[PDB]
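Written out below as structure tokens is the structure these notes cover.
All of this is worked out from the model, or read from it or from the source named; nothing here is a laboratory result. No Cβ is skipped: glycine too gets one built from the backbone with ideal geometry, and neighbour counts run over all protein chains shown.
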Amino acid sequence: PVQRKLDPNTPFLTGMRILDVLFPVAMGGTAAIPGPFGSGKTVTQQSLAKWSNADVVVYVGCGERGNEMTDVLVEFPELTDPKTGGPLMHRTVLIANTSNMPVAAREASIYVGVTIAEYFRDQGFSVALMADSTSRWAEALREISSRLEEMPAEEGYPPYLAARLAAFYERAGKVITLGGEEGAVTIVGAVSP
Amino acid sequence: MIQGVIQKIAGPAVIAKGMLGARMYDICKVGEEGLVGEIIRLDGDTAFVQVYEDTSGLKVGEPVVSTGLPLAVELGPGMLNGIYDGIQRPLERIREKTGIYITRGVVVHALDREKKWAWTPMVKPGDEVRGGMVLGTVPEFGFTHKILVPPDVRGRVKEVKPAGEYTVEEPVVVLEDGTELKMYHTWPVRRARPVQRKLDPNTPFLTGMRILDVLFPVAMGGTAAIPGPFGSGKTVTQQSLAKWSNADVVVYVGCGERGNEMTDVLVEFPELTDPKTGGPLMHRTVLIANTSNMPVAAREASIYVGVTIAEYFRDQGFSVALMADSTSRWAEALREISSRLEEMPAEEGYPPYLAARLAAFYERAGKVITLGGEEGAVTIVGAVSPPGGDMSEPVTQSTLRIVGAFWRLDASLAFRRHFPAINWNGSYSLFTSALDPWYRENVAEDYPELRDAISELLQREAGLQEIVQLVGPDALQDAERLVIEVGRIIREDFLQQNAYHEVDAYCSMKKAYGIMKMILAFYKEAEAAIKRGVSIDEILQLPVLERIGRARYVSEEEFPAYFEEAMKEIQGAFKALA
Amino acid sequence: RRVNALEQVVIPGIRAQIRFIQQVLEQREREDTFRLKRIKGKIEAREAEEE
Amino acid sequence: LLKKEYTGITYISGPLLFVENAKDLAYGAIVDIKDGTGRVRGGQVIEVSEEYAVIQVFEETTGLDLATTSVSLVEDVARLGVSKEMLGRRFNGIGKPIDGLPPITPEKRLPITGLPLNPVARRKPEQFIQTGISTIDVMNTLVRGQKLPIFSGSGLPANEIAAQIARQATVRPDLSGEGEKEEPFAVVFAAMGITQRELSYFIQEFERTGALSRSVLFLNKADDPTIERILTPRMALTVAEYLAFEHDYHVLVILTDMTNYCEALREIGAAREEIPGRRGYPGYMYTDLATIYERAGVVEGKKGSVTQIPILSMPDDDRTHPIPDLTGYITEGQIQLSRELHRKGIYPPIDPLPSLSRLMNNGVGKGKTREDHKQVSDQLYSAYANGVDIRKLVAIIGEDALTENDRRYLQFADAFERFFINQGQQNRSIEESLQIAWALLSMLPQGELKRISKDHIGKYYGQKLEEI
Ligand SMILES: Nc1ncnc2c1ncn2[C@@H]1O[C@H](COP(=O)(O)OP(=O)(O)OP(=O)(O)O)[C@@H](O)[C@H]1O
Ligand SMILES: Nc1ncnc2c1ncn2[C@@H]1O[C@H](COP(=O)(O)OP(=O)(O)O)[C@@H](O)[C@H]1O
Ligand SMILES: [Mg+2]
Ligand SMILES: [Mg+2]
């Protein structure tokens, strides 16, 4: 719970010219970055994790490769936090669920990440949340609905697929917390058609 | 065997009760009329059978009797000079007892049970026998038919029937354990016959046609596919291969062809003659014939009976060629059978396991050492008819991944009346390099380089087809016109073979080698004579070009004399004209 | 120039669209066959095993 | 240990059979099925309940009946007996010898499904592999621990390229500054859907090279049962993981055709009546492929490594088909063969534009191979992406638009396609491949080479063409 939701009025500085200039996203907004394989989604999300002005960064590896998450564990302690001067990994929380790990756990990771991001929002920080791929979460929903022998929607997905995505993206926004301070959550989610 | 009664009739599906003990995929006899059926289900005391024939008129309570065996064929003497349907029923003997229609429920035997055969034993009591051995010989037309112990039988012999005339039903050899061996044995059509060892392809399959033997060869034991749009010339090419190849036994499979074309091939074949011996051609061939109105289960089993018969004639040591008419209709029958069983189609309407069946059919071809110690080979040639013209049709796509040779035909070359209509820019073969050691050690040492020169010259002429499309061929350069005329000569006097023509339908290897040698010599000498700079336009009308075309129709026995004549004419023309 | 442009640009562009539409329609038919199977199975169960 | 048999078969249809009183069968267990004739078949429990258990049969169900069929449990988890003596041997798709030699003596029995690696336990791939092909080694280099599939069409020499890579690939330790020392290199070769003409070619090439003494072959013919096609690559990966992470080997794994694996997967799923996917393939294909490709990599504190090079054939130039698409989302790059380069005679026909290596930046640079590798790769790539567009525009308009420097640049592009990409059956080292690239680089002025620094120009520029 919160008190109020406010209109975003400050930019979310990502450090990339085309995204910061042509297509800005505000502190508390949402964004989606679709594309085929080998396009540049993961590198963009990792650059946002390195160079953004958010205080706390939560990274959710829903159903992707393991080397892409090992790179984060190796490289990040050797870098520098842009706004505090310490190690970069001291502000970052990782939720990892690779592609060969159990399928039903993909649904839990998204909710765990968004719950942690909301928790750090209540303390007055500015949180940036990155989801590696929501299409894997959709595939997990498809498999679970297939086990229940439910009637499918287009392309076999369950008909309540859009409601879950609406309930996930709605958690972002700049709010006034119950304690009186001001926090914000911004969500950038990659889609894999 | 187990006997039961009917408790449900719904279309071609019949549910029987009391059938506890029946096995899957067995052949059952349904009703008082005796219709054949196949069991595909088991549930408690009941089993689901699927009737091949028409079920109209059946009543609940009629008996069902199981034969205890799956679909199988009878292998033995009497299969040559015969015509069979998809499940091995003799069409000639049915017509004798019934008429011009095929009444359902008729019972006939694949092998004539009342014909006497001469028997000559080759074993004595006290011997030990194992599956695949030879025990006895029987004369049959120009062949000698060998009696084989079935592959699944081993034992010790103490009984020999002496030399005399017996029917195939009479036992000839009785083993110590009570096993009686006859002149025939059964074998399921969907289980491949065992072999000792599978060999590599090292000997060519002599098709008798110049372009197929030289440019796109197939080895003994290989597989080839000949696709193309309708009206291309597949059937005549397959018949020419059946007539003139070096294979000992030919098997022809009709997978559901049109009635009039089946009548055409049924009438034409008895009039043909065997080129090896001069007798009728049907004395060495076995025909499997189906039309479009036959039961759909008989159409699916057509290609398995033929390949099982071909494997049987392989075990005796002969070389077998298996020609199969268009497998697209066989795939259509398979699709219909799958739709009868609700199999959730995957590709277009085809079942997901079409490629597995096609692979299982094509993998039986090969050169092997039989269980008796002899060597035999089986070659499979199949036809495809993609309706869309493009080779992206699912059956063609599945076939392209498991074949070694690919003889694509084109309809446009048929409109120009250039036959055979082989597209040399789309066809390919993967057997050239392996056949190269055989070629140079037997035909000639310079044969592969000469063949590569011919193919290179054909490739060069295809690169000039753009310039001909803008400007006329007369405005082209003298050397370019030279190579264009050489390509035209090569095409019209080397790649042409008319099949309806009486002496244009066959070509040996030595004739082709001599023609290629003459063509290369003429090309090289004319290329030098162009830079010689004398009569450069009159080079195209030299009298040597008559000798080049004359070698197409020269007899093989008269061929060396005309070869010397043409070579010395090339010498006397190019060396001493000017 | 016009011949080369038509040969190299327009025809494969139309052909790809034709292929895409064919695949979509075939996938829709494959989807509805599954629903027909499910409703046939539901018809069989309730009309033969209830009491 | 005592055995148990269940004879309560109640329903047989297609590939499935139902056993009534078998409550003590574990989920996913492996059973053997024996009928009245004594023939033994295989099966797996796919669904178990209180009323009955569902078992699918590995092969055809011909000859089975409800009167004499009995089902006996083999083991609860499908396991493979592995040993160090398997090097030099050949196995079928289920792990039995086919060479006629006596069967091995197992050391351990490992589950073939494996276990997921802990992301904390992995480490970053960093060591370069010299394959001998200039297009691969320079522009799309391969790193120990990578999974880099080869995208091929129908009628292209994928098998010959795979054999050449198997023959020529090794790591040179002296180039890395660590000093020269021998390292144990092994090859695990898995083949499925392979016809006899390809099987003989692979066996003959391996015997002629002499590489059979250090390789293990898993071969599955096209007329074999389709369950062995599913179970073939898992056993090869189980052997490779055991060797690499328990004997410090460096193992290179080649999967000959994944298109046949996907077709066999489609055949199995469609008989179990579940919802299909994009082109009839099952919807869980991504997870099933991920359980195969993700088993490679390196482990912290261990000297071993596993490298995968799958070969798959696209149905067309269709990059959007489900099989190469879902392969692209899991793997770390692709090497794509070009039909245009094959048509004009270039061998091997690797097209640099759709190709990509995602771990190139970690295995190149200062201290590894040579310090000019990345600069040379950038300079070699810098021409093609604009030269191809120039050639496309010329194919419509003509030669009128080209200037003189553009003519030089297109001549360099033609010489590039004729010399660098085309090498035939060569065995180039990385040093001589760099020398050939630099000899091509000396055909352009130093002022136009806008990528390489002038330190590298001052010590490598000016070499004339070497392969003539
Ligand atoms: N900003 C960039 N600068 C340089 N190279 C880049 C950049 N973005 C992407 N690349 C290159 O393209 C590759 C794309 O990798 P990336 O993980 O970003 O792709 P992706 O779209 O997430 O793919 P996938 O769906 O397969 O996970 C990188 O490995 C790198 O080689
Ligand atoms: N070698 C040949 N000589 C003469 N005519 C040929 C030859 N090959 C093909 N044709 C012609 O091609 C046509 C197609 O013949 P056929 O094989 O019966 O039909 P399809 O090609 O559709 O199976 C025939 O009319 C025949 O005249
Ligand atoms: Mg990614
Ligand atoms: Mg025809």
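Of the strands (runs of 3 or more DSSP E) lying entirely inside region D:52-144, those containing at least 1 residues that are closer than 22 Å to D:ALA191 by Cβ span D:79-82, D:108-111. Scanning region D:355-366 for residues that are touching a residue at least 40 places away in the same chain (Cβ under 8 Å) and assigned to a loop (DSSP other than H, G, I, E, B) turns up D:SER355, D:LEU359, D:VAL364.
Restricting to region A:27-60, give me the number of residues that are over 15 Å from the mean Cα position of the chain (by Cα) and farther than 23 Å from D:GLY333 by Cβ. Before you say what the answer is, go through the steps one by one.
We begin by selecting, within region A:27-60, every residue over 15 Å from the mean Cα position of the chain (by Cα); these are A:35-40, A:51, A:53.
After this cut, where a residue has to be farther than 23 Å from D:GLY333 by Cβ as well, the list is A:51, A:53.
Total satisfying the criteria: 2.
Each row is one residue, and each column tells you yes or no for (1) touching an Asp or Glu at 6+ places or on another chain (Cβ under 9 Å); (2) more than 11 Å from every other protein chain (Cβ to nearest Cβ).
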site: C:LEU6; (1), (2): no, no
site: C:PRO12; (1), (2): no, no
site: C:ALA16; (1), (2): no, no
site: C:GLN27; (1), (2): yes, no
site: C:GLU31; (1), (2): yes, no
site: C:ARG35; (1), (2): no, no
site: C:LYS40; (1), (2): yes, no
site: C:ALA45; (1), (2): no, yes
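The C-beta contact set for region A:179-193 (first residue more than 14 Å from chain D (Cβ to nearest Cβ), second residue aliphatic (A, V, I, L, M) and within 13 Å of ligand 1 (Cβ to nearest atom), distance under 6 angstrom, 6+ apart or interchain) comprises A:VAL188/A:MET130; A:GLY189/A:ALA131. Across region B:49-61, a minimum of one residue is classified as surrounded by 15 or more Cβ atoms within 10 Å (Cβ to Cβ), touching a helix residue (DSSP H, G or I) at 6+ places or on another chain (Cβ under 7 Å) and farther than 30 Å from B:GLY136 by Cβ.
The residue pairs whose first member lies in region B:224-246 and is more than 9 Å from ligand 2 (Cβ to nearest atom), whose second member is among the aromatic types (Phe, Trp, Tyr), and whose beta carbons are closer than 6 Å, counting only pairs six or more residues apart or on different chains, are B:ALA225/B:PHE406; B:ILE226/B:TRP407; B:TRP244/B:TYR506.
Residue under question is A:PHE120, and the condition is that it be part of a helix (DSSP H, G or I), farther than 30 Å from A:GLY38 by Cβ, away from ligand 3 (no atom under 16 Å from the Cβ) and in contact with a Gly (Cβ under 9 Å, 6 or more places away or on another chain); does it hold? Talk me through it step by step, then tell me what you get.
Numbers: part of a helix (DSSP H, G or I): yes; farther than 30 Å from A:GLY38 by Cβ: yes; away from ligand 3 (no atom under 16 Å from the Cβ): yes; in contact with a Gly (Cβ under 9 Å, 6 or more places away or on another chain): yes.
Yes.
Counting residues in region D:233-256 that are under 21 Å from the mean Cα position of the chain (by Cα), crowded, with 21+ Cβ neighbours inside 10 Å, within 14 Å of chain B (Cβ to nearest Cβ) and under 28 Å from D:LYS108 (Cβ atoms) gives one or more. Close contacts from region B:321-339, counting a first residue that is touching a residue at least 40 places away in the same chain (Cβ under 8 Å) and farther than 15 Å from B:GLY254 by Cβ and a second that is within 16 Å of ligand 4 (Cβ to nearest atom) and in a strand (DSSP E or B), with Cβ to Cβ under 8 Å and a gap of 6+ residues or different chains, come to B:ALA321/B:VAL381.
Here D:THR209 does not qualify as within 18 Å of the chain's Cα centre (by Cα) and surrounded by fewer than 16 Cβ atoms within 10 Å (Cβ to Cβ). Taking the criterion of being surrounded by fewer than 18 Cβ atoms within 10 Å (Cβ to Cβ) and more than 14 Å from chain B (Cβ to nearest Cβ), the residues of region D:55-72 that qualify are D:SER70, D:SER72. Scanning region B:412-420 turns up one or more residues that are away from chain D (no Cβ under 14 Å), at positive phi and out of contact with any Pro (no Cβ under 9 Å at 6 or more places or on another chain).
Each residue in region D:362-405 was checked for being aliphatic (A, V, I, L, M), closer than 16 Å to D:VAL138 by Cβ and in contact with a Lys or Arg (Cβ under 7 Å, 6 or more places away or on another chain), and 1 pass. Find the residue count for region B:387-426, including only residues that are away from ligand 2 (no atom under 11 Å from the Cβ) and within 19 Å of the chain's Cα centre (by Cα). The qualifying residues number 13. The residue that is surrounded by the fewest Cβ atoms within 10 Å (Cβ to Cβ), counting only those in region D:354-379 that are under 20 Å from D:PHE420 (Cα atoms) and within 21 Å of the chain's Cα centre (by Cα), is D:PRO354. Among the residues of region A:25-58, the ones that are farther than 19 Å from A:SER192 by Cβ and part of a strand (DSSP E or B) come to 4 in all. Which residues, taken from region B:340-361, are more than 8 Å from chain D (Cβ to nearest Cβ) and aromatic (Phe, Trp, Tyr)? Residues satisfying the conditions are B:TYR350, B:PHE361. The residue that is farthest from B:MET323 (Cα to Cα), counting only those in region B:344-375 that are buried (at least 18 other Cβ atoms within 10 Å of the Cβ) and β-branched (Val, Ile, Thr), is B:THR370.
Residue-wise test of (1) in a helix (DSSP H, G or I); (2) among the charged types (D, E, K, R); (3) surrounded by 10 or more Cβ atoms within 10 Å (Cβ to Cβ).
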| site | (1), (2), (3) |
| --- | --- |
| C:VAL10 | yes, no, yes |
| C:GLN17 | yes, no, yes |
| C:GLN22 | yes, no, yes |
| C:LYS37 | yes, yes, yes |
| C:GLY41 | yes, no, yes |
| C:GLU51 | no, yes, no |
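Can you tell which of A:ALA108, A:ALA96, A:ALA26 is touching a residue at least 12 places away in the same chain (Cβ under 8 Å), away from chain D (no Cβ under 14 Å) and among the hydrophobic types (A, V, I, L, M, F, W, C)? Sole residue among the options that is touching a residue at least 12 places away in the same chain (Cβ under 8 Å), away from chain D (no Cβ under 14 Å) and among the hydrophobic types (A, V, I, L, M, F, W, C): A:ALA26.
Against the condition farther than 30 Å from D:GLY280 by Cα and surrounded by 20 or more Cβ atoms within 10 Å (Cβ to Cβ), how does B:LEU272 come out, does it pass? First the steps, then the outcome.
Working: farther than 30 Å from D:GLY280 by Cα: yes; surrounded by 20 or more Cβ atoms within 10 Å (Cβ to Cβ): no.
Criteria not met by B:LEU272.
For region B:216-225, the criterion of being touching a strand residue (DSSP E or B) at 6+ places or on another chain (Cβ under 7 Å), within 16 Å of ligand 4 (Cβ to nearest atom) and closer than 29 Å to B:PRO275 by Cα is met by at least one residue.
Every condition in (1) away from chain D (no Cβ under 14 Å); (2) under 19 Å from the mean Cα position of the chain (by Cα) is met by B:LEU371 except one, and the failing one is (2).
So that you can scan it fast, the table gives a plain yes or no per residue for (1) assigned by CATH to the domain that holds B:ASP200; (2) among the hydrophobic types (A, V, I, L, M, F, W, C); (3) closer than 30 Å to D:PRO282 by Cβ:
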site	(1), (2), (3)
B:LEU334	yes, yes, yes
B:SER338	yes, no, yes
B:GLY349	yes, no, yes
B:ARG357	yes, no, yes
B:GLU374	yes, no, no
B:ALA377	yes, yes, no
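Working only within region A:142-173, note down all residues that are within 24 Å of the chain's Cα centre (by Cα), among the basic types (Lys, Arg) and either within 12 Å of chain D (Cβ to nearest Cβ) or in a loop (DSSP other than H, G, I, E, B) (or both). Residues satisfying the conditions are A:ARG142, A:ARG171.
A single entry from B:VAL296, B:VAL305 fulfils the requirement of being over 30 Å from B:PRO150 (Cβ atoms), more than 14 Å from every other protein chain (Cβ to nearest Cβ) and away from ligand 4 (no atom under 16 Å from the Cβ): B:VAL296. The single condition among (1) under 23 Å from B:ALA333 (Cβ atoms); (2) among the small types (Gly, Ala, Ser); (3) crowded, with 20+ Cβ neighbours inside 10 Å that B:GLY78 does not meet is (1).
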